[PDB]
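Okay, so here's the structure we're looking at.
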Amino acid sequence: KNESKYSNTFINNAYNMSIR
């Protein structure tokens with residue numbers, strides 16, 4: 001229920017030069 005996927009909880013997930 002409501003799963004947050006934003007680079008393993010490190011933010012700025014939108015083609016930010018290999019954001020893992």
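Each chain in the structure tokens gets a letter, A, B and so on, in the order shown; residues start at 1 in every chain, and ligands are counted from 1 in the order they appear.
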
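Neighbouring residues of residue 10 in chain A at 12 Å or closer, counting only C-alpha atoms and skipping chain neighbours under 6 positions away, are residues 4, 16, 19 and 20 of chain A.
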
Please dump the current selection as a CSV table (one decimal), in the first residue's frame; keep C-alpha atoms.
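Okay, this is what ended up in part.csv:
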```
chain,number,residue,atom,x,y,z
A,4,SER,CA,7.7,5.2,-2.6
A,16,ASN,CA,20.2,12.8,-12.5
A,19,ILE,CA,20.9,8.2,-9.4
A,20,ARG,CA,20.7,4.8,-7.5
```

Compile the contact shell of residue 7 in chain A as a CSV table (one decimal) with C-alpha atoms, in the first residue's frame: residues with an atom at most 10 Å away, counting only C-alpha atoms, same-chain residues fewer than 4 positions apart removed.
```csv
chain,number,residue,atom,x,y,z
A,11,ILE,CA,15.8,11.6,-3.6
A,12,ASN,CA,16.2,13.4,-7.0
A,13,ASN,CA,14.9,10.5,-9.1
A,14,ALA,CA,14.5,11.8,-12.8
A,18,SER,CA,23.0,7.5,-12.6
A,19,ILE,CA,20.9,8.2,-9.4
A,20,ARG,CA,20.7,4.8,-7.5
```
